[PDB]
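*Asks:* Structure provided below as structure tokens; questions to follow.
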Amino acid sequence: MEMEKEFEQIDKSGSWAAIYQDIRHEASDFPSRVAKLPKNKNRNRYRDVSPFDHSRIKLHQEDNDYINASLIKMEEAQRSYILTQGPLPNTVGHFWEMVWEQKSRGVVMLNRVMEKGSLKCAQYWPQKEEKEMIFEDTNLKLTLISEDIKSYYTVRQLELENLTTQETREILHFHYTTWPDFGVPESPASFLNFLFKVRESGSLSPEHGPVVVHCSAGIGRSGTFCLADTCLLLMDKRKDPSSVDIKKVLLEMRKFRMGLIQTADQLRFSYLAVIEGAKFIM
Ligand SMILES: N#Cc1ccc(CNC(=O)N2CCOCC2)cc1
Ligand SMILES: N#Cc1ccc(CNC(=O)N2CCOCC2)cc1
């Protein structure tokens, strides 16, 4: 079926939970043996969210190459994304090592450091120009260059220096600051505006490594971001945009990381975002 009218048909019939449970039943199951090794317990935020072995990102290290991060490669759309958990106190150096080694231009953050009164990820970037951060375990230096605070999101320019080689690179930090502590946003308008700002920066384009996107677990809000982006790109590429099947795209993405889209409300919000976004594109 088309999307907008399939949407109204699920609303009127109140069957979002049944649609979402079908997706969960059909989703791929692949091994994640490296994630579960005992030496990696303090590298995982949640025991039930792990990268598959076949698609995990490897650190360029011989001691321990593990990080909770996955490469999502969308062949027809010609987009790639790295989805990862919010960094932990003992993985902030690994996080920036990955950004460096994978040649990413941008980092997309969809959570606040504290939500619901609890810490959802480490403070992993510097908050003042004159107070830089040094990650001694991976030999990297990180400096805040500039910050632009808007009503729904903040964009930061960061300088990442490989201290072994003295090479430097400019990284863009796109921080969506207004996702509610509970539920999903009422309108997709600010989330779409944010997506378009990431796109306009070049961070999603083939001349760079894959964008790094995270929330707390790296599957819920993060899944919504890449699902909406890929669906809108396919609607632009194809002769028949009504042929784009958001459930099929989500199942394809779940071949590369488990659990993408965590609730039926997140599924409905993804439909809403693609529907409204397709009208603005034209
Ligand atoms: N990029 C991309 C991309 C990702 C997932 C899908 C899922 N759809 C799919 O398998 N089909 C079957 C054959 O053509 C119609 C849609 C398609 C494209
Ligand atoms: N290449 C690049 C690039 C650099 C920085 C940004 C973010 N903007 C920023 O730092 N400011 C400073 C305060 O007023 C103006 C905007 C985006 C792209």
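How things are named: the first chain in the structure tokens is A, the next is B, and so on; residues count from 1 in each chain; ligands count from 1 in the order shown.
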Under the rule of at most 9 Å, produce a per-residue listing of chain A near ligand 1: chain, number, name, the closest pair of atoms, and the distance in Å, as a Markdown table, using only C-alpha atoms and all ligand atoms.
*Replies:*
| residue | atom | partner | partner_atom_place_in_ligand_line | distance |
| --- | --- | --- | --- | --- |
| A:73 | CA | ligand 1 | 1 (N) | 8.2 |
| A:74 | CA | ligand 1 | 1 (N) | 4.4 |
| A:75 | CA | ligand 1 | 1 (N) | 4.7 |
| A:76 | CA | ligand 1 | 1 (N) | 3.3 |
| A:77 | CA | ligand 1 | 1 (N) | 3.6 |
| A:78 | CA | ligand 1 | 1 (N) | 6.4 |
| A:79 | CA | ligand 1 | 1 (N) | 7.5 |
| A:230 | CA | ligand 1 | 1 (N) | 6.7 |
| A:231 | CA | ligand 1 | 2 (C) | 8.0 |
| A:233 | CA | ligand 1 | 1 (N) | 8.4 |
| A:234 | CA | ligand 1 | 1 (N) | 6.7 |
| A:243 | CA | ligand 1 | 15 (C) | 6.9 |
| A:244 | CA | ligand 1 | 16 (C) | 6.6 |
| A:245 | CA | ligand 1 | 8 (N) | 6.5 |
| A:246 | CA | ligand 1 | 7 (C) | 7.9 |
| A:247 | CA | ligand 1 | 7 (C) | 8.0 |
| A:248 | CA | ligand 1 | 7 (C) | 4.5 |
| A:249 | CA | ligand 1 | 5 (C) | 3.9 |
| A:250 | CA | ligand 1 | 5 (C) | 7.2 |
| A:251 | CA | ligand 1 | 7 (C) | 7.4 |
| A:252 | CA | ligand 1 | 5 (C) | 5.0 |
| A:253 | CA | ligand 1 | 4 (C) | 7.2 |
*Asks:* Could you list, as number ranges by chain, all protein and nucleic acid residues with an atom at most 12 Å from ligand 2, counting only C-alpha atoms and all ligand atoms?
*Replies:* A: 105-106, 129, 144-150, 153-159, 169-175, 197-203
*Asks:* Write to file, as a short mmCIF file (atom, residue, chain, number, x, y, z; two decimals), in the first residue's frame, the residues of the selection just made, with N, CA, C and O atoms.
*Replies:*
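Written output follows (result-v5.cif):
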data_model
loop_
_atom_site.label_atom_id
_atom_site.label_comp_id
_atom_site.auth_asym_id
_atom_site.auth_seq_id
_atom_site.Cartn_x
_atom_site.Cartn_y
_atom_site.Cartn_z
N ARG A 105 32.91 13.01 8.93
CA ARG A 105 32.88 14.46 9.04
C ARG A 105 31.98 14.93 10.19
O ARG A 105 32.32 15.89 10.88
N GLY A 106 30.87 14.23 10.41
CA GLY A 106 29.86 14.68 11.35
C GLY A 106 29.52 13.63 12.37
O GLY A 106 29.66 12.42 12.13
N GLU A 129 36.10 26.85 24.80
CA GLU A 129 37.22 26.94 23.84
C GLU A 129 38.57 26.71 24.52
O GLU A 129 39.42 25.96 24.01
N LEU A 144 37.01 22.68 21.22
CA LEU A 144 35.83 23.41 20.77
C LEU A 144 36.26 24.67 20.02
O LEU A 144 36.98 25.50 20.59
N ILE A 145 35.81 24.80 18.77
CA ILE A 145 36.17 25.95 17.92
C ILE A 145 35.07 27.01 17.92
O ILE A 145 35.38 28.20 18.01
N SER A 146 33.81 26.60 17.82
CA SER A 146 32.66 27.50 17.82
C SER A 146 31.41 26.69 18.13
O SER A 146 31.40 25.46 18.02
N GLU A 147 30.35 27.41 18.53
CA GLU A 147 29.09 26.82 18.96
C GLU A 147 27.96 27.75 18.52
O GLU A 147 28.06 28.96 18.73
N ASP A 148 26.91 27.20 17.91
CA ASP A 148 25.73 27.97 17.50
C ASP A 148 24.48 27.32 18.10
O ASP A 148 24.05 26.26 17.64
N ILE A 149 23.89 27.97 19.10
CA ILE A 149 22.75 27.44 19.85
C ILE A 149 21.45 27.98 19.28
O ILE A 149 21.20 29.19 19.34
N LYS A 150 20.59 27.10 18.79
CA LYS A 150 19.28 27.45 18.26
C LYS A 150 18.20 26.85 19.16
O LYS A 150 18.49 26.14 20.13
N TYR A 153 18.08 22.80 18.30
CA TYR A 153 19.34 22.09 18.19
C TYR A 153 20.50 23.07 18.27
O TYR A 153 20.33 24.28 18.12
N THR A 154 21.68 22.51 18.52
CA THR A 154 22.95 23.22 18.57
C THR A 154 23.93 22.57 17.59
O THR A 154 23.98 21.35 17.49
N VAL A 155 24.69 23.39 16.86
CA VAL A 155 25.78 22.93 15.99
C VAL A 155 27.10 23.43 16.52
O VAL A 155 27.28 24.64 16.71
N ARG A 156 28.05 22.53 16.65
CA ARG A 156 29.39 22.87 17.12
C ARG A 156 30.43 22.49 16.09
O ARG A 156 30.34 21.43 15.45
N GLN A 157 31.44 23.36 15.94
CA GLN A 157 32.66 23.03 15.21
C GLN A 157 33.73 22.59 16.20
O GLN A 157 34.02 23.30 17.16
N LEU A 158 34.30 21.41 15.95
CA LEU A 158 35.34 20.79 16.77
C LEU A 158 36.59 20.52 15.93
O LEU A 158 36.50 20.29 14.72
N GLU A 159 37.77 20.59 16.55
CA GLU A 159 39.03 20.19 15.93
C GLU A 159 39.54 18.92 16.60
O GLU A 159 39.75 18.90 17.82
N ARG A 169 41.73 17.54 11.85
CA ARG A 169 40.52 17.55 11.04
C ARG A 169 39.40 18.30 11.73
O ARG A 169 39.27 18.26 12.96
N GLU A 170 38.53 18.90 10.93
CA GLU A 170 37.34 19.57 11.42
C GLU A 170 36.15 18.61 11.45
O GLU A 170 35.76 18.07 10.42
N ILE A 171 35.57 18.43 12.64
CA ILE A 171 34.38 17.60 12.86
C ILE A 171 33.19 18.50 13.23
O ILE A 171 33.34 19.39 14.09
N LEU A 172 32.03 18.26 12.62
CA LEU A 172 30.80 18.97 12.95
C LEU A 172 29.92 18.14 13.90
O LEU A 172 29.61 16.98 13.60
N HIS A 173 29.52 18.73 15.03
CA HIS A 173 28.64 18.09 16.02
C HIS A 173 27.23 18.66 15.91
O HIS A 173 27.02 19.85 16.18
N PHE A 174 26.27 17.84 15.46
CA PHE A 174 24.86 18.21 15.31
C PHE A 174 24.07 17.61 16.47
O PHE A 174 23.88 16.39 16.55
N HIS A 175 23.60 18.48 17.38
CA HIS A 175 23.00 18.06 18.66
C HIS A 175 21.52 18.45 18.71
O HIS A 175 21.18 19.64 18.84
N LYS A 197 19.49 20.22 7.97
CA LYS A 197 20.74 20.91 8.33
C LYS A 197 21.94 19.97 8.31
O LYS A 197 23.03 20.37 7.89
N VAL A 198 21.79 18.73 8.79
CA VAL A 198 22.88 17.76 8.68
C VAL A 198 23.21 17.54 7.20
O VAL A 198 24.38 17.48 6.82
N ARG A 199 22.19 17.33 6.38
CA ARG A 199 22.42 17.08 4.95
C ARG A 199 23.20 18.23 4.31
O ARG A 199 24.17 18.01 3.58
N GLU A 200 22.76 19.46 4.58
CA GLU A 200 23.36 20.63 3.95
C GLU A 200 24.84 20.79 4.29
O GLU A 200 25.58 21.39 3.52
N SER A 201 25.29 20.24 5.42
CA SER A 201 26.69 20.34 5.84
C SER A 201 27.66 19.48 5.04
O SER A 201 28.88 19.69 5.18
N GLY A 202 27.19 18.51 4.26
CA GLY A 202 28.07 17.52 3.63
C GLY A 202 28.34 16.27 4.44
O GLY A 202 28.99 15.33 3.94
N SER A 203 27.87 16.21 5.68
CA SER A 203 28.25 15.10 6.57
C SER A 203 27.70 13.75 6.12
O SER A 203 28.19 12.72 6.59
#
*Asks:* Mind checking DSSP for stretch 12-186 of chain A and telling me the strand (DSSP E or B) residues as a PyMOL selection string?
*Replies:* chain A and resi 56-58+66-74+79-84+104+106-109+114-115+118-119+133-135+140-149+153-162+167-176
*Asks:* Give the answer as one residue: which of A:140, A:92, A:219, A:228 has the shortest atom-to-atom distance to residue A:110, using only C-alpha atoms?
*Replies:*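 So, comparing all the options, the nearest one is A:219.
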*Asks:* Between A:10, A:109, A:3, A:55, which has the minimum distance to residue A:30 (counting only C-alpha atoms)?
*Replies:* A:55
*Asks:* Among stretch 32-128 of chain A, which ones does DSSP assign to alpha helix (DSSP H) (computed from the backbone)? Answer as a PyMOL selection string.
*Replies:* chain A and resi 92-101
*Asks:* Quick one: of A:242, A:64, A:162, A:111, who's nearest to residue A:177, counting only C-alpha atoms?
*Replies:*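 That would be A:111, the residue with the smallest distance to residue A:177.
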*Asks:* Just want the 8 Å neighbourhood of stretch 38-53 of chain A, counted on only C-alpha atoms, with same-chain residues fewer than 4 positions away dropped. Output as a short mmCIF file (atom, residue, chain, number, x, y, z; two decimals) with N, CA and C atoms, in the first residue's frame.
*Replies:*
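That gives us selection12.cif:
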data_model
loop_
_atom_site.label_atom_id
_atom_site.label_comp_id
_atom_site.auth_asym_id
_atom_site.auth_seq_id
_atom_site.Cartn_x
_atom_site.Cartn_y
_atom_site.Cartn_z
N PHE A 30 21.40 -12.47 14.14
CA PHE A 30 22.76 -12.83 13.78
C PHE A 30 23.58 -12.87 15.07
N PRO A 31 24.70 -13.59 15.09
CA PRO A 31 25.51 -13.63 16.31
C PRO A 31 26.19 -12.30 16.66
N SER A 32 26.34 -12.08 17.97
CA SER A 32 27.11 -10.96 18.54
C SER A 32 28.09 -11.50 19.59
N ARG A 33 28.95 -12.43 19.17
CA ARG A 33 29.83 -13.12 20.13
C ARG A 33 30.90 -12.19 20.69
N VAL A 34 31.46 -11.30 19.87
CA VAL A 34 32.53 -10.44 20.39
C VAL A 34 31.99 -9.52 21.50
N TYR A 66 37.23 -3.77 20.08
CA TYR A 66 35.77 -3.74 20.23
C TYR A 66 35.23 -2.36 20.61
N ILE A 67 34.16 -1.95 19.91
CA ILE A 67 33.29 -0.83 20.29
C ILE A 67 31.86 -1.21 19.93
N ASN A 68 30.90 -0.77 20.74
CA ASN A 68 29.47 -1.01 20.46
C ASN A 68 29.00 -0.02 19.40
N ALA A 69 29.18 -0.41 18.13
CA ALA A 69 28.91 0.40 16.95
C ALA A 69 28.74 -0.52 15.73
N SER A 70 27.84 -0.14 14.82
CA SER A 70 27.49 -0.95 13.64
C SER A 70 27.47 -0.11 12.37
N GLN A 85 26.13 3.48 20.56
CA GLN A 85 25.59 3.91 21.85
C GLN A 85 26.22 5.24 22.27
N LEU A 88 30.49 5.86 27.06
CA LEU A 88 30.64 5.60 28.50
C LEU A 88 31.93 6.21 29.01
N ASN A 90 34.49 4.95 30.18
CA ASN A 90 35.66 4.20 29.74
C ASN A 90 35.68 3.94 28.24
N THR A 91 34.80 4.58 27.46
CA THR A 91 34.86 4.45 25.99
C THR A 91 34.92 5.78 25.22
N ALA A 217 21.07 4.26 23.65
CA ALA A 217 21.42 2.89 23.23
C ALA A 217 21.85 2.81 21.78
N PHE A 256 21.57 -5.09 9.92
CA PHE A 256 22.88 -4.56 10.29
C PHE A 256 23.00 -4.16 11.75
N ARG A 257 21.90 -3.84 12.42
CA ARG A 257 21.90 -3.59 13.87
C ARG A 257 20.55 -3.94 14.46
N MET A 258 20.57 -4.66 15.60
CA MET A 258 19.33 -5.10 16.23
C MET A 258 18.52 -3.94 16.80
N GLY A 259 17.20 -4.11 16.81
CA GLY A 259 16.35 -3.31 17.68
C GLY A 259 15.98 -1.92 17.18
#
*Asks:* From the options A:272, A:151, A:137, A:81, which residue's atoms come nearest to residue A:104, counting only C-alpha atoms?
*Replies:*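 Going through A:272, A:151, A:137, A:81 one by one, the smallest distance to residue A:104 is for A:81.
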*Asks:* What gap, in Å, lies between atom CA of residue A:193 and atom CA of residue A:266?
*Replies:*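 If I compute the distance from atom CA of residue A:193 to atom CA of residue A:266, I get 17.9 Å.
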*Asks:* Here is a test: counting only C-alpha atoms, which residue of A:166, A:270, A:222, A:80 is nearest to residue A:205?
*Replies:*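 Using only C-alpha atoms, the shortest distance to residue A:205 belongs to A:80.
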*Asks:* Hey, which of A:261, A:35, A:192, A:213 ends up closest to residue A:229? Count only C-alpha atoms.
*Replies:*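 Counting only C-alpha atoms, the residue closest to residue A:229 is A:192.
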*Asks:* Could you check how far atom CA of residue A:113 sits from atom CA of residue A:126, in Å to one decimal?
*Replies:*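 Taking atom CA of residue A:113 and atom CA of residue A:126, their separation equals 13.0 Å.
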*Asks:* Which residues are near residue A:161? Cut-off 6 Å, only C-alpha atoms, ignore same chain within fewer than 6 positions. Put them as a list in words.
*Replies:*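 Selected residues are residues 140, 141, 167 and 168 of chain A.
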*Asks:* What's the 10 Å shell around residue A:17, counting only C-alpha atoms, without same-chain residues fewer than 2 positions away, as an MDAnalysis selection string?
*Replies:* chainID A and resid 10 14:15 19:22 263:265 267:268
*Asks:* Provide the atom CA of residue A:102 to atom CA of residue A:125 distance in Å, to one decimal place.
*Replies:* 18.4 Å
